[PDB]
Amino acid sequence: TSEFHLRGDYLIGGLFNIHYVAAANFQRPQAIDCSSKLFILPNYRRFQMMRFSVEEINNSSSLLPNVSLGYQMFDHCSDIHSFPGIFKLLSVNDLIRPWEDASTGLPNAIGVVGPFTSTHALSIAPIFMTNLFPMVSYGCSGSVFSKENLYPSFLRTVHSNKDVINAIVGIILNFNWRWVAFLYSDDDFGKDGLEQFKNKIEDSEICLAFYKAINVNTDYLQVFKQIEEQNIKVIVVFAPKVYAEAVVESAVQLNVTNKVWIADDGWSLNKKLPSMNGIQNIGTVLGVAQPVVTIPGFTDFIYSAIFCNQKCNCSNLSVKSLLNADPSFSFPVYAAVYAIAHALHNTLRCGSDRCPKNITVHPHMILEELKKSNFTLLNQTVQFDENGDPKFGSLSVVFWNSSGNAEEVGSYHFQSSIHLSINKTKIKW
């Protein structure tokens, strides 16, 4: 068998990226061998969270009774080389027919969970939107996906960049520093972050004194030299794991000192940086974070676990390292699967102990139910607004404390007069 494939009455696509590789020119039109590249522990954890969710639903005799959920999952380390997997999900015979109707025609899968990053989604989503094939992303935070008319069958189980940027602005307004540097990844995620940041601070006392696109070619000596010359104390770093690590590692090496760092929720629960040698010297690290949401049964599931782009090559893996990895986006994966599973259940007009078998399921039928999702899950209420954004999930403020943990020191109030509160006593500057 394989981790990446599970047969079932209905299939869910799973789009993950559990290896990392920098973009490179290529000379042939062919998939990349992602299994020989850099392993990403926390992404593999979210990969397992989907496998766990499906298995849990298949163990249930009340949700989808006697109707099994299968999946085809992929490790797309390159968004541009992800199309073979995407075609597989959308094909009706290991064939794609470009003019095929949204109604008549039964694709391999009924919907797809993922992908993780905005870049991955932008490359592929239009092909899915065409026949209203539902995508429920567990990670995509680009604000442009809130535009229904551009992304009619795209939903997500995480917050948009606007929410996190509001929280970050909230953190800054709570203290006294008003010059700010903004280091953002040179990609769709980071650039949307920068625009939202500029928009939010424009009519405020906050001055954006320096900003810079972070990419593989970044000369960090000059970045920090420019920051230091402008006497900037607050540095926002809006960037995924690889770029956030490069920034912070470089700062340690270049003797950057006495700063106030602010992380987005993509690296404020990073597990490598808080115990890295010399981390203490760069100053204080604050962040917006996803609260740790406990997923009962997952620990047990993990002990018991350990076509192109369906190979892990991760066999000598420490169960403990995987368990303790950045658990961000966990409930978003879990809810994304459950949302599709409920949508199928209701589309089949399943009852309590059996589902009818006279109903033919089309992806756009799954979409209609998904949009009116309304169900409880680990005591949260899963729903999406008109734009397909989640109406669940909160954000908290964290401070990297002396024992290497991301201590909760505050929370972000989506709807209240003081939008962000912080117990300032907990922060040891």
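In case it trips you up, residue 1 is the first one in the sequence shown, and so on.
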{"item": "Deposited-sequence gap flanked by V144 and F145", "value": "none"}
{"item": "Per the entry, higher mean C-alpha B factor between 104-112 and 175-183", "value": "104-112"}
{"item": "Higher-B stretch (mean Cα B-factor, as the entry records it), 346-354 or 200-208", "value": "346-354"}
{"item": "Residue with highest C-alpha B-factor in the PDB entry, from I340, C140, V164, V92", "value": "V92"}
{"item": "Candidate residues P390, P42, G70, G404, the one whose C-alpha B factor the record puts highest", "value": "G404"}
{"item": "Within-chain third of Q310 by Cα B-factor, per the entry", "value": "middle"}
{"item": "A24 CA temperature factor, ranked by third within the chain", "value": "middle"}
{"item": "Entry-reported Cα temperature factor of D326, expressed as the chain third it lands in", "value": "middle"}
{"item": "Third of the chain's Cα B-factor distribution that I232 belongs to, per the entry", "value": "middle"}
{"item": "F16 - Cα temperature factor, lowest/middle/highest third of chain", "value": "lowest"}
